[PDB]
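First up is the structure itself, then whatever we jot down about it.
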Ligand SMILES: *[C@@H]1O[C@H](CO)[C@@H](O[C@@H]2O[C@H](CO)[C@@H](O[C@@H]3O[C@H](CO)[C@@H](O)[C@H](O[C@H]4O[C@H](CO)[C@@H](O)[C@H](O)[C@@H]4O[C@H]4O[C@H](CO)[C@@H](O)[C@H](O)[C@@H]4O)[C@@H]3O)[C@H](O)[C@H]2NC(C)=O)[C@H](O)[C@H]1NC(C)=O
Ligand SMILES: *[C@@H]1O[C@H](CO)[C@@H](O[C@@H]2O[C@H](CO)[C@@H](O[C@@H]3O[C@H](CO)[C@@H](O)[C@H](O)[C@@H]3O)[C@H](O)[C@H]2NC(C)=O)[C@H](O)[C@H]1NC(C)=O
Ligand SMILES: *[C@@H]1O[C@H](CO)[C@@H](O[C@@H]2O[C@H](CO)[C@@H](O[C@@H]3O[C@H](CO)[C@@H](O)[C@H](O)[C@@H]3O)[C@H](O)[C@H]2NC(C)=O)[C@H](O)[C@H]1NC(C)=O
Ligand SMILES: *[C@@H]1O[C@H](CO)[C@@H](O[C@@H]2O[C@H](CO)[C@@H](O)[C@H](O)[C@H]2NC(C)=O)[C@H](O)[C@H]1NC(C)=O
Ligand SMILES: *[C@@H]1O[C@H](CO)[C@@H](O[C@@H]2O[C@H](CO)[C@@H](O)[C@H](O)[C@H]2NC(C)=O)[C@H](O)[C@H]1NC(C)=O
Ligand SMILES: *[C@@H]1O[C@H](CO)[C@@H](O[C@@H]2O[C@H](CO)[C@@H](O)[C@H](O)[C@H]2NC(C)=O)[C@H](O)[C@H]1NC(C)=O
Ligand SMILES: *[C@@H]1O[C@H](CO)[C@@H](O[C@@H]2O[C@H](CO)[C@@H](O)[C@H](O)[C@H]2NC(C)=O)[C@H](O)[C@H]1NC(C)=O
Ligand SMILES: *[C@@H]1O[C@H](CO)[C@@H](O[C@@H]2O[C@H](CO)[C@@H](O)[C@H](O)[C@H]2NC(C)=O)[C@H](O)[C@H]1NC(C)=O
Ligand SMILES: *[C@@H]1O[C@H](CO)[C@@H](O[C@@H]2O[C@H](CO)[C@@H](O)[C@H](O)[C@H]2NC(C)=O)[C@H](O)[C@H]1NC(C)=O
Ligand SMILES: *[C@@H]1O[C@H](CO)[C@@H](O[C@@H]2O[C@H](CO)[C@@H](O)[C@H](O)[C@H]2NC(C)=O)[C@H](O)[C@H]1NC(C)=O
Ligand SMILES: *[C@@H]1O[C@H](CO)[C@@H](O[C@@H]2O[C@H](CO)[C@@H](O)[C@H](O)[C@H]2NC(C)=O)[C@H](O)[C@H]1NC(C)=O
Ligand SMILES: *[C@@H]1O[C@H](CO)[C@@H](O)[C@H](O)[C@H]1NC(C)=O
Ligand SMILES: *[C@@H]1O[C@H](CO)[C@@H](O)[C@H](O)[C@H]1NC(C)=O
Ligand SMILES: *[C@@H]1O[C@H](CO)[C@@H](O)[C@H](O)[C@H]1NC(C)=O
Ligand SMILES: *[C@@H]1O[C@H](CO)[C@@H](O)[C@H](O)[C@H]1NC(C)=O
Ligand SMILES: *[C@@H]1O[C@H](CO)[C@@H](O)[C@H](O)[C@H]1NC(C)=O
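Protein chains in written order, with the deposited numbering: chain E, 31 to 57, 66 to 141, 150 to 184, 189 to 309, 312 to 321, 321A, 322 to 398, 410 to 503; chain C, 80 to 127; chain F, 512 to 546, 569 to 663; chain B, 512 to 546, 569 to 663; chain L, 1 to 110; chain G, 1 to 35, 35A, 36 to 52, 52A, 53 to 82, 82A to 82C, 83 to 100, 100A to 100I, 101 to 113; chain K, 1 to 35, 35A, 36 to 52, 52A, 53 to 82, 82A to 82C, 83 to 100, 100A to 100I, 101 to 113.
What follows is the structure, given as C-alpha cells:
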C-alpha cells in the first residue's frame, strides 16, 4: 500500500564527530607566521537555527594539536643559534656588594673564568655577572646544567612576544562554535554557528594566573571536569580584568665575547647605579572585589554556609610554586603569597607588592635534557598586563571539616589553551542520504 | 625527440624583465650548490 | 523592486529546516566538498579529501546515479526500516534526525541498489541484442 | 532455509572461471581499485593510484561509456582481429587467455571507438539543431 | 521621474501626542516606500520599510500604512528624541526620489 | 580455523539474570552470519534459545522462553552476549554458542558448508 | 558591523573633476550589492546621484545630471569611487555612500533588511 521507493540525495546537511589536522591563518618571532596562510579580511559565520549540539571541553583534540604545534615551533626557532658548549668551565666567583639593598644580598655573583677565542691556539680571560639560581658550588662554582646537557643561546633578534594565530580546518570539515552564554564547557549547547575558523588566540605562557586572555560576558565562570573530585583543577574566568604592572628596574649592560669563528656570547657587563629587586604591583580594592565575586560564585557548588579559605601554594619546583612568566624577554618568577591569603565567612590607592626573581637558564616545557639561555636585556624593563582568570586547586576536601581551602595550581600548559578553545569543535560532513519517495526508475 | 608546434596567426606579448623562470633557476642553482657541499670536510682546525 | 540587492543562506545553516526545505539547496553543500613535516600533513589531508570525494563519486556511479544530485531508483521501500508516512517525514523531520533513525539499515540498502543496477544493466544488454 | 548465513567469493576468485561466468562479478574487482621519506613514498604511491584511476575513467568517458561497467558500442568487429565464434569465447576461455590473444589489436580499437563517439556527438548535435 | 510629495511641511506636537504625516506619489508605486528619520547633524535612519514593516530596534510607536499612491507615517506616542525631519523614499523605478521632508519639533507655549 | 569460546559466571541465583559471552576467533562477527545459542540439559536434550544477525542486529527468540531472552553483539571485541532474565531451576544446562553457514559463489553453485559448535560451559542455578 | 567611509578633496574649482571614494569594511564589495551615491544640499534636499553593481559592474545614473558621472569599483581595496565631471556651484553638497538590500533564503521567505547610510563628506565648489 505504501508503494514507496528508495531515493538518493547528494549534499545532505548532516555531520559526525571527527578528528583532523587544522592549519594556519594569520594577519622575526618564535611563533613563525611566515609559513602561515594569510587570513581573509572578511570572515563569514553562519548561525545554525534550531540546531542543538553537544560539547565537552575536556575531550577536545584541538588542544593537543595546538600544544604539539607550539612545541614544534619553539624547537624549530632555536635550531639556527649558537650552542654554549665551551661555557662549562671552572668559574671563580665573588659576591657583589656595591650599592645593594638588604633584600638583594647574595643574589648576584661576579664570576671570572677562562674562555676560548676565534683562533684554535690562544685563550682569553673574561668575567660576567650570574644569578644565584644559575651557579652551583663545586670559591669555585659551575653552571647548574653542566652535568645534564648543554644549553643553546637564544638568538638576540627573535622576539618572544605572542602573536595571534587562527586555526582553520580542511575542505569537507567544519568548525562549530557555541554562542550560548553561561555555557560551562560540557553538555548541550542550544545556540550554534558554523565558522570558517577561530579567532586570534595568543600563545601566552604563564602559571597560577592567565594573562592577556579573554573575559566572560555575563559573570565569573567556574569550570571543572568533576567538581566533587579534588584531583582536578578548577578554571576560573573573570568578568573584568585586573591590571598588574611590574618591572625589573636594574640598569643592565651587555657585552659580546667572541668565543669562536662567527660565534658570540652575550654577558652582563656591569650594573649602573643602585641594585634593587624586580617586583610586581596589583591593585588591592580591585583584587578584593574580584575575590568577593569568585567566592560568591564558588558558594553555589559548595553550599551557602561554607567558609572559603585562600592559602599559599603547596610546594614543589620553582616554576610550579611561583607565578612564572616572561616580560620583555626576561623570565620572572613571582611569589604570589599576598594574594591567596584570606578567609571568607558566610553572612584606597595602596597596592599589593609581589617580589620576583629573574632567571636565565630556562626549561620552558616539562622536559629534562633540553635547556636554553636567555641573553641579558639592556636597561630597565616594565610591562602591564590583564589578569583574567585563575587555575585553582581544592585542598583535601574531607567531610570532617566544613571549610574549603583553595590554593594556586598550574604546571601543565594544556589548561592555558583549554581556556580559549572551550567553545569550538570540529565535525565532518556526510552528504549522501537515502529517503522514501514516489518515483520509479 | 623533442616536439614543437608552430602556432599560426598567434601574436603573443613578451617581457624579459618580468620572467619568473629566472628566479626559479637562481633558487634551484643555489639549492643544488648548497646540497653538493653537505658531505664534505669542515676546516675548523685551520684557524691557528 | 529595483535597486535592492539580495543575499541568500549559504552553508549548513539550512540544517534546522525540514527535509523538504533542506533538499532544495543541495548545491551549496555539494560545492564545498572539494574546496617540512607540516607540508606532509597538509598534503596528506588534501589527498584524503580527494580520495573521499572519489569514493563518494564511485559509490554514486555504481548505483547508476552518476552526474546527478537527486536520483530516485527502483528499489521498493521495506516497511521494516521505517513505518512513518510521507506527511511526517518531509514536513515534520530534519535530515539529522532521519539519519539517526535509519543509521542501522544502511548497508543492506546499498547492496540492494547495487544488485538492482546490475540486473537493470544486464536486462538492458539483453534487450539491445534484438 | 532460515537462519543460515552465506559468504560469497572474494577479490580475484573468478580469475579461472570462464568469461561469461566472470563477467557477472565486475563490481568486486572495480571497488578495489580505489582502496619522513617513507611518507613521501606512500604519498607518491597514493597519487599514482589516483592518477591511474582518473586516466581509466577519462578513457571510459571519451568513448561514451561514462558511468557504466558493461557498455556496448557501435564499432563492428573485424574478423582479422579474431576468427573464433561466440561458442569458443564466452564458454571455453578465460579473460587472461583473451588478453594474451588480442594483446596486439588494442590501440586501433581505441581509436575506432574515439572517432565513432565523436561522429555520434556531431550527429546528435546536428539532430538537436532542428 | 516619480514625484514624492509630503504633507504637512512642518508640524508641532507635544510628548505623547499622535503625529500623522502623509506621502503621495504621482503614479502607483505598489508598496515600495520607506520612511526615514534624520536628526540635525546625523545621517538618515530607517523607521519603516515596505510601508508596513518596522525595522529591528526601532521603538514600536512608529508605524506605517497605506499603498498605491497614498502612504502614512504615524507616531503614536511622541517623545523627546522623536523631534526630527522625516522623509519618504521610493524605489520602484529609477531614479530614486525623496520627499521634501516633514519637520517635527517640540510644542511649547507661544 | 574458526573457534568459539564461552565465558561467564557458572553459578547464578534464582530470579537473577544469567549473562554469557561467546568470543570468536578466525572470523569477524560483522559479516552475514547468524550466531545461535543452544543448551543441553538432562532429559530435555538439545534446545535452541535464539539467534542474532551480526550485520543488521536482527534477533529471533524461542517462543517457549518468551521475552526472557536478549542478545547483544560487540564488534570491537568480536563477541556476542546472551542474557536470560528470571532464571529458574529448569535452566541448569551446558550452553554452547554455534553458527551455521554455507560458502558459495555469486549466482552459481555451492562450494562448502560450515558449522563449528564451540566447547560451551556448564551453568547451574541455585541460591 | 558594516562601515562606510567617504574620502576626497574638501574643495574643488568650477569645471574641474570631482573625485570621491567610499571604502567599505565588514562586507565584500564584489557581492550582489548595489552601492549608491546620494547627495544633500540646502534647498534641494536629498538627491540620488546613482548606483553601481559590485558583481557585474553595471551602473545606473540620474537622467537629470546626464553623462557627467562615472562610477568605478576596486575589489582589491574594497572601495567604490564616483567621478563627477564639470562641477558647478550647484554641486556643493554633502555626499553619502550607502547600500540597501535584503537577506532571505533561496526561493523562500525573507529574514531581514539592511541599510547603513555612512556619515558622508562635505564638498564645496569654488575657485
Ligand atoms: C600583555 O599585553 C601587553 C600589551 O599587548 C604586553 O605589553 C607590551 O609588551 C611589549 C613587549 O615587551 C612592549 O613592546 C616593547 O616596548 C619597549 C618599550 O617601548 C620596546 O623597547 C620594545 O622594542 C624592543 O624589543 C623588541 C622585541 O621585543 C625589538 O624588536 C625592538 O627592536 C626593541 O629592541 C631594541 O631595544 C632593546 C633594548 O634597548 C635592545 O636590546 C635590542 O637589541 C633593540 O636595540 C618593544 O616594542 C609593549 O610596549 C608592551 N605594551 C604595554 C602597553 O605595556 C605584555 O607584555 C603582555 N603580557 C605578557 C605576559 O605577554
Ligand atoms: C526553526 O523551527 C521553527 C519551528 O520549530 C520554524 O518555524 C516554523 O515554520 C513553519 C514554516 O515556516 C511554520 O509552519 C506553519 O504551521 C502553521 C500551523 O498552523 C500553518 O498554519 C502555517 O501555514 C505554516 O505551515 C511553523 O508554524 C513555524 N513554527 C513556529 C513555532 O512558529 C522555523 O522556520 C525553523 N527555522 C528554520 C531556519 O527553518
Ligand atoms: C576450473 O576448471 C574446471 C575444469 O576445467 C571447472 O570444472 C568445470 O565446471 C563446469 C561448470 O562451469 C562444468 O560444465 C558442466 O559440464 C557438464 C558435462 O559437460 C554439463 O552437463 C554441464 O551443463 C556443465 O556445462 C565442467 O564439466 C567442469 N569440468 C570438469 C572437468 O569437471 C571448474 O568449474 C573451474 N573452476 C571454477 C571456479 O569455475
Ligand atoms: C666584577 O669583578 C671585576 C674584576 O675584579 C671588576 O672589574 C674591575 O673593576 C675595578 C674597579 O672598577 C678595576 O680597577 C679593574 O681593572 C676591573 N677589572 C677588570 C678585569 O676589568 C668589576 O667591577 C666587578 N663588578 C662588580 C659589579 O662588582
Ligand atoms: C685561567 O687559566 C690560568 C692558566 O691555567 C689560570 O692560572 C693558573 O691557575 C692554576 C690553578 O688555578 C695554578 O696552578 C697556576 O699556577 C696558574 N697559572 C698562572 C700563570 O697564573 C687561571 O687561574 C685561570 N682563571 C680562572 C678564573 O680560573
Ligand atoms: C586589558 O583590558 C582592557 C579592558 O578590557 C582592554 O581595553 C580594551 O581594549 C579593547 C581592544 O580590543 C577595546 O575595544 C576596549 O574598548 C578597551 N576597553 C577599555 C575600557 O579601555 C586592554 O586592551 C587590555 N589590555 C591588554 C594588554 O590586553
Ligand atoms: C567525581 O569524583 C568522585 C570522587 O572520586 C566520584 O565518586 C567516587 O567514585 C568512586 C568509583 O570507584 C568511588 O569509589 C568513590 O567512593 C566515589 N566517591 C564519592 C564521594 O562518591 C564520581 O563518580 C566522579 N564523577 C563522575 C561523573 O564520574
Ligand atoms: C610598585 O609600587 C611601589 C609602591 O609600593 C612603587 O614604589 C614607588 O615607585 C615610584 C616610582 O614612580 C617612586 O617614585 C617611589 O619613591 C616609590 N615608593 C616606594 C615606597 O618605594 C613602585 O614604583 C611600583 N612599581 C611599579 C612597576 O608600578
Ligand atoms: C598601572 O599603570 C597604569 C599606567 O601605566 C596606571 O594608570 C594610572 O593611574 C593613575 C591613578 O593613580 C592615574 O593618575 C594615571 O593617569 C594613570 N596613567 C595612565 C597612563 O593611565 C595604573 O594606576 C597602574 N596600576 C598599578 C596598580 O600600578
Ligand atoms: C606560604 O606561607 C607560609 C607561611 O605563611 C610559608 O612558609 C614559610 O616558608 C619559608 C620558606 O621555607 C620559611 O622560612 C618560613 O619559616 C615558613 N613559615 C611558616 C610559618 O611555616 C610558605 O613558604 C608560603 N608559600 C610559598 C610558596 O612560599
Ligand atoms: C613568599 O612571601 C612570603 C611573605 O613574605 C614569605 O613568607 C615569609 O618568609 C620569611 C622567611 O624569610 C619569614 O621570615 C616570614 O615570617 C614569612 N612571612 C610570614 C607572613 O610568615 C615566603 O617565604 C615567600 N616565599 C618563599 C619561597 O620564600
Ligand atoms: C655572599 O653573601 C651571601 C649572603 O649574604 C653569603 O651567604 C655568602 O657566604 C657570601 N659569600 C662570600 C662572602 O664569599
Ligand atoms: C646534577 O647536579 C645536581 C646538583 O648536584 C643534582 O641535583 C642532579 O641530580 C645532577 N644531575 C644528574 C643527572 O645526576
Ligand atoms: C554544568 O556542567 C555540568 C557537568 O555535568 C552539566 O551537567 C550541566 O548541564 C552544566 N550546566 C549547564 C547549564 O548545562
Ligand atoms: C641606564 O644607563 C644609561 C647609560 O648611562 C643611561 O643612558 C640611561 O638613561 C640609564 N637608564 C635610566 C632609566 O636612567
Ligand atoms: C596573610 O593574612 C594575614 C591576615 O589574615 C596577615 O596577618 C599576614 O600578614 C598575611 N601574609 C602575607 C604574606 O601577606
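Note that CB positions come from ideal geometry on N, CA and C, so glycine has one too.
| field | Under 7 Å by beta carbon: chain F residues contacting residue 98/K | value | Result: 518.
| task | Just mark residue 341/E as buried or exposed, buried being the case when its beta carbon has 16 or more other beta carbons within 10 Å. | result | That one is buried.
| request: Could you tell me which of 150/E, 472/E, 274/E sits nearest to residue 329/E, measuring between CA atoms? | output: If we check each option's Cα against that of residue 329/E, 150/E comes out closest.
| said: Please tell me whether, using a cut-off of 6 Å, the distance from the CB of residue 388/E to the nearest non-hydrogen atom of ligand 11 is below it. | reply: Result yes, Cβ under 6 Å from ligand 11.
| message | Give me the pocket residues for ligand 9, defined as CB within less than 5 Å of any heavy atom, sorted by chain position. | response | For ligand 9, the residues with a Cβ under 5 Å from any of its heavy atoms are, in chain order, 295/E, 332/E, 334/E, 413/E.
| Check: residue 339/E C-beta below 6 Å from any heavy atom of ligand 16 | Because no heavy atom of ligand 16 lies under 6 Å away, the Cβ of residue 339/E does not count as near it: no.
| query | Hey, residue 317/E and residue 451/E: beta-carbon distance below 7 Å or not? | reply | No.
| Whole-angstrom distance between residue 100I/G and residue 517/B, CA atom to CA atom | Whole-angstrom Cα-Cα distance: 10 Å.
| Where does the unbroken beta strand (DSSP E) through residue 640/F begin, and where does it stop? | It is not in any beta strand (DSSP E) - residue 640/F instead sits in the alpha helix (DSSP H) that spans 640 to 661.
| field | Residues bridged to residue 47/E (per DSSP) | value | 489/E.
| message | Here's the rule I'm using: 16 or more other beta-carbon atoms within 10 Å means buried, otherwise exposed. How should residue 104/E be labelled? | response | It counts as buried.
| query | Is residue 419/E closer than 7 Å to residue 384/E when the C-beta atoms are compared? | reply | Contact flag set, yes.
| Residue nearest to residue 242/E in terms of C-alpha spacing, selected from 182/E, 306/E, 229/E | Nearest option by C-alpha distance: 229/E.
| request: Would you mind working out which of 104/L, 4/L, 58/L, 108/L sits nearest residue 44/K, comparing C-alpha positions? | output: Taking only the C-alpha atoms, the option nearest residue 44/K is 4/L.
| message | For the segment 263 to 280 of chain E against the segment 133 to 140 of chain E, do three or more pairs of beta-carbon atoms, one drawn from each stretch, fall closer than 8 Å, so that the two count as touching? | response | No: fewer than three Cβ pairs fall under 8 Å.
| task | Give the straight-line distance between the Cα atoms of residue 590/B and residue 541/F, rounded to the nearest whole angstrom. | result | The C-alpha of residue 541/F is placed about 21 Å away from the C-alpha of residue 590/B.
| query | Between residue 13/G and residue 67/G, what straight-line distance do the alpha-carbon atoms span, to the nearest angstrom? | reply | Approximately 17 Å, taken between the alpha carbons.
| said: Please return the same chain residues whose Cβ sits closer than 7 Å to the Cβ of residue 476/E, not counting the five positions on each side in sequence. | reply: For residue 476/E, where only same-chain residues beyond five positions count, the Cβ hits under 7 Å are 101, 105.
| said: By the 8 Å beta-carbon criterion, what residues does the segment 77 to 100 of chain E contribute toward chain K? | reply: Flagged, chain order: 79, 80.
| Where does residue 89/C sit, in a helix, a strand or coil, going by DSSP? | Of the three classes helix, strand and coil, the one that applies to residue 89/C here is coil, per DSSP.
| query | Where do the ends of the alpha helix (DSSP H) carrying residue 352/E lie? | reply | Where residue 352/E is concerned, there is no enclosing alpha helix (DSSP H), given that its DSSP letter is neither H nor E.
| query | If the cut is a Cβ gap below 7 Å, which residues of chain L does residue 61/K touch? | reply | Taking a Cβ-Cβ threshold of 7 Å, the residues of chain L close to residue 61/K are 95, in chain order.
| said: ligand 3 and residue 15/G: does the residue's C-beta get closer than 6 Å to at least one heavy atom of that ligand? | reply: Result no, Cβ not under 6 Å from ligand 3.
| message | Using CA atoms only, rank isn't needed, just tell me which of 202/E, 194/E, 54/E, 457/E is closest to residue 116/E. | response | Of 202/E, 194/E, 54/E, 457/E, the residue nearest in Cα terms is 202/E.
| field | Contact set for residue 67/L: own chain, Cβ-Cβ below 8 Å, skip 5 residues either direction | value | So the qualifying residues of the chain are 30, 31, 51.
| residue 532/F CB to nearest chain L CB: under 7 Å? | Chain L contact via Cβ: absent.
| CA nearest to the CA of residue 488/E, picked from 221/E, 205/E, 78/E | If you compare the alpha carbons of 221/E, 205/E, 78/E with that of residue 488/E, the shortest gap goes to 221/E.
| message | ligand 5 and residue 176/E: does the residue's C-beta get closer than 6 Å to at least one heavy atom of that ligand? | response | Not so, every heavy atom of ligand 5 lies at least 6 Å from the Cβ.
| query | So who's on the other strand from residue 457/E, going by DSSP bridges? | reply | BP columns for residue 457/E point to 467/E.
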